[PDB]
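Residues 1 to 550 (the deposited numbering) make up the sequence shown, in order.
Every residue gets a Cβ at the ideal spot worked out from N, C-alpha and C, and that includes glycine.
Below is one structure, written out as structure tokens, with a few remarks after it.
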Amino acid sequence: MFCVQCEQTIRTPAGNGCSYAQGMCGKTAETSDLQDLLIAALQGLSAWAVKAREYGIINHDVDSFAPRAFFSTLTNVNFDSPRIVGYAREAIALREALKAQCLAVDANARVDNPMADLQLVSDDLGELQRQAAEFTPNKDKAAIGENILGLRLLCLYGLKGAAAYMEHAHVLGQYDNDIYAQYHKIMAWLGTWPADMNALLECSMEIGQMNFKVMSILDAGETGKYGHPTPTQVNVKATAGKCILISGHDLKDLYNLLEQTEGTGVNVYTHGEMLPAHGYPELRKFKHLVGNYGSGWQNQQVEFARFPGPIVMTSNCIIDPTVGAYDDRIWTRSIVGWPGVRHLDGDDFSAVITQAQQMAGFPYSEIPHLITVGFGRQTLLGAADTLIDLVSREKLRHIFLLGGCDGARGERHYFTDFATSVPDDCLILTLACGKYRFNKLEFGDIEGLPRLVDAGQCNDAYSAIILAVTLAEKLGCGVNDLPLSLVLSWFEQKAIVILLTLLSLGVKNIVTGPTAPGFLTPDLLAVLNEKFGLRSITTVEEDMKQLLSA
Ligand code: SF4
Numbered sequence: 001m002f003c004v005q006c007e008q009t010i011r012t013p014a015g016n017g018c019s020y021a022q023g024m025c026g027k028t029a030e031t032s033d034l035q036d037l038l039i040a041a042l043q044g045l046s047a048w049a050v051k052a053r054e055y056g057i058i059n060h061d062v063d064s065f066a067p068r069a070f071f072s073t074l075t076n077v078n079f080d081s082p083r084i085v086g087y088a089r090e091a092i093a094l095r096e097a098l099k100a101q102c103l104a105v106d107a108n109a110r111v112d113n114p115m116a117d118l119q120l121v122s123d124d125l126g127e128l129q130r131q132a133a134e135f136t137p138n139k140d141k142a143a144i145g146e147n148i149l150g151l152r153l154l155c156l157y158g159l160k161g162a163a164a165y166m167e168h169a170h171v172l173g174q175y176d177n178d179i180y181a182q183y184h185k186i187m188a189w190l191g192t193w194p195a196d197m198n199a200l201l202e203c204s205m206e207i208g209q210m211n212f213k214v215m216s217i218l219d220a221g222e223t224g225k226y227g228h229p230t231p232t233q234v235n236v237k238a239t240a241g242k243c244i245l246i247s248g249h250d251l252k253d254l255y256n257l258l259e260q261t262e263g264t265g266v267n268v269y270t271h272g273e274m275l276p277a278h279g280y281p282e283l284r285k286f287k288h289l290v291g292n293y294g295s296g297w298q299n300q301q302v303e304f305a306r307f308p309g310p311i312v313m314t315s316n317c318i319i320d321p322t323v324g325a326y327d328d329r330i331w332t333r334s335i336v337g338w339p340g341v342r343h344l345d346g347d348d349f350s351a352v353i354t355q356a357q358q359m360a361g362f363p364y365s366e367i368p369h370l371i372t373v374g375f376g377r378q379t380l381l382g383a384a385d386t387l388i389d390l391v392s393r394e395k396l397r398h399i400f401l402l403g404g405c406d407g408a409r410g411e412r413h414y415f416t417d418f419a420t421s422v423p424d425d426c427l428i429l430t431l432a433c434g435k436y437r438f439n440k441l442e443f444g445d446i447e448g449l450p451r452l453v454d455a456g457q458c459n460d461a462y463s464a465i466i467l468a469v470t471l472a473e474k475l476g477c478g479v480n481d482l483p484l485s486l487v488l489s490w491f492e493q494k495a496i497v498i499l500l501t502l503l504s505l506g507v508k509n510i511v512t513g514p515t516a517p518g519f520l521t522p523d524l525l526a527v528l529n530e531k532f533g534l535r536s537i538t539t540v541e542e543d544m545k546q547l548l549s550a
């Protein structure tokens, strides 16, 4: 068992990632090995899906399936082993079903597909299954250059994050077929174990390109489904009676859970990456979504435990529910999976509504306290020519992007401290669950424009990127001539992929912490420090000064 995709892998002097028996995040050898097999099935599929060789044409099913499956191998998404084997099941079903369509035409020359992952068919039963040992991401650990492995992983791990966005784009109603072609090529090529440090870097930038396309399209879905987030204040206190809290990234599930509970008199609370839902007008319309509860995925355990009603996990950042003994009342949706905790497929929430009604709910409201959220792609560009004014009257000193995931380690204090200690004459543009790091602390404004400007969700770095571009557009300059640096936090594959696209956009002088990834060797991350000056955090006061100045 070996993977290292999260900011929280095993972290040791010798080596990088989690091997051993279990993950740090609760995945077992079983899963994390089975997940490897699913990735291999998946990669083969994608190689046959690259099979519109001249005009072999495309099946939306395969296209639209591949990300959704890959998404399950993601961190804190899925830890139920059967589910994962089953994703592999139907990957191969469609590789085979796919093969037939092309095979009625020219009998695939000499080789239908020259592929490592090939047909990759499999035998049955889980424990006795795990022959995925042949597929682990580092079977050639020392049989390939260690720096080649690092680029390789950051290429796959990265693409993973992109697929998450492809899906929770798709689901919100949008895809593109050229993107799908690019997905499959990249996945197909990653299938074939190959490692050429030149093309790994160069196909780690192209993932960046693609990820932007798809974040393009996913910000396209959110705006079109539920409006353009306009700036909006959210209560983070508890209120009144019975409640269901919904966590994760899928706005669809909240719009449904909202209609279904419409005047049922049970209330909706968001948590984690569901916060920025609140800014969306066709979603904030509801009088029952009361507030937003708790903070940061890193502590579901002790907070979900305290929340009266049931919890609905839309996607990602789920951990072991057994600890807080709330496993009866967590409902995994979509591709989220945890063994033995109820999975709610279908768009019928009434199961969990009635469950919410059985429970305590809240005993009162607390004296409320609101934060401000939903600086939309739209509403951010709204700000720009006033950002440029404020800067152009030495009112706005420089803009700071405190961003990316929350994790668990105390070393994350950095982000909180960084944020308060940003000087009183410059903005924060935050955008992720690490928003929760400094999010409820007091910030003030610069002439009305709030100093803490939430942009929404990890997936909304696309918003942040686009603000910068329109600032560079406007100030006749270039993206890092801009008076903004980026001090991003990170935890999983989506934030890897945002780093890729940020790098691919060519934004130089990024500051990931609170540590840098497990598969980036001091060599390699020094190569990134060659090409893009990407440096780690480690110190709040130093890094403040470095960044303010010319
Ligand atoms: S998800 Fe992260 S913590 Fe869990 S096994 Fe994989 S790398 Fe380790």
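Among the candidates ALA408, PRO137 and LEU37, whose CA atom is the shortest distance from the CA of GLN129? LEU37
Buried or exposed: which applies to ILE367, given that a residue is buried once 16 or more other Cβ atoms fall within 10 Å of its Cβ? exposed
Mind the definition here: the stretch 280 to 290 touches the stretch 385 to 393 only if three or more C-beta pairs lie below 8 Å; say whether that holds. no
Best match in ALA356, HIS369 and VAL312 for proximity to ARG342 [C-alpha to C-alpha]: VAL312
Report the three-state DSSP secondary structure of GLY382 (helix, strand or coil). helix
Would you say the beta carbon of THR73 is closer than 7 Å to some non-hydrogen atom of the ligand SF4? no
Does the beta carbon of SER315 fall short of 7 Å from some heavy atom of the ligand SF4? no
Which runs of the beta strand (DSSP E) at least 3 residues long sit entirely within the stretch 419 to 468? Give them in chain order. 428 to 430 and 452 to 454
What beta strand (DSSP E) runs, 3 residues minimum, are completely inside the stretch 319 to 384? 330 to 332 and 370 to 373
What separation, rounded to the nearest whole angstrom, lies between the Cα atoms of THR136 and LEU149? 12 Å
Per DSSP, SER489 is paired with what? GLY513
My parser needs the beta strand (DSSP E) runs of 3 or more residues fully inside the stretch 173 to 241; what are they? 232 to 235
Just verifying my parser: in three-state terms, what is the DSSP assignment at residue 555? A question about residue 555 goes unanswered here, because the residues of the chain that appear run from 1 up to 550.
Considering just the uninterrupted stretch of the alpha helix (DSSP H) at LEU520, what are its terminal residues? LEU520 -> no alpha helix (DSSP H), and no H or E assigned at all.
Between the beta-carbon of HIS168 and the beta-carbon of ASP250, is there less than 8 Å? yes
Give me every residue whose Cβ sits closer than 6 Å to any heavy atom of the ligand ATP, in chain order. Because the ligand ATP does not appear in the structure shown, any question about it cannot be addressed here, the ligands present being the ligand SF4.
Could you pull out every unbroken beta strand (DSSP E) segment of at least 3 residues lying fully inside the stretch 247 to 311, listed in chain order? 267 to 271 and 289 to 292
Do you know offhand how far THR354's Cα is from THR264's? 10 Å
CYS477 burial status per 10 Å Cβ neighbour count (16 or more: buried): exposed
Are at least three pairs of beta-carbons, each pair with one atom in the stretch 284 to 302 and one in the stretch 462 to 480, less than 8 Å apart? no
Own chain, CB closer than 7 Å to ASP347, minus 5 neighbours either side, in chain order: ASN256
Provide the residue span of the alpha helix (DSSP H) that contains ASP61, from first to last. 60 to 70
Answer yes if the stretch 145 to 164 comes into contact with the stretch 95 to 103, meaning at least three C-beta pairs across the two stretches below 8 Å, and no otherwise. no
Using DSSP with H/G/I as helix, E/B as strand and the rest coil, what is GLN8? coil
Beta-carbon within less than 6 Å of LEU452's beta-carbon, same chain only, minus the 5 sequence neighbours each way: which residues are those? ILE428 and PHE443
Please go through the same chain and pick out, in chain order, the residues whose beta-carbon is closer than 6 Å to the beta-carbon of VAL323, but skip the five residues on each side of it. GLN301
Alpha-carbon to alpha-carbon, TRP331 and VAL352: 8 Å
Specify the secondary structure class of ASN78 as computed by DSSP and reduced to three states. strand
From the DSSP output, which residues share a beta bridge with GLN22? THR28
Please go through the same chain and pick out, in chain order, the residues whose beta-carbon is closer than 7 Å to the beta-carbon of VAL422, but skip the five residues on each side of it. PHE400 and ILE428
Per DSSP, which residues does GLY403 bridge with? Please list them. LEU431 and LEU488
If you follow the alpha helix (DSSP H) that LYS160 is in, where does it begin and where does it stop? 146 to 170
Touch test, the stretch 369 to 384 against the stretch 399 to 419, Cβ-Cβ under 8 Å, three pairs minimum: no
Cβ-based neighbour list, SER64, same chain, cut-off 7 Å, excluding 5 preceding and 5 following: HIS170 and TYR175
So residue 551 and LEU547 are in contact, right, with Cβ under 8 Å, and what is the actual spacing, rounded? This structure gives no information on residue 551, because the portion of the chain shown stretches from 1 to 550.
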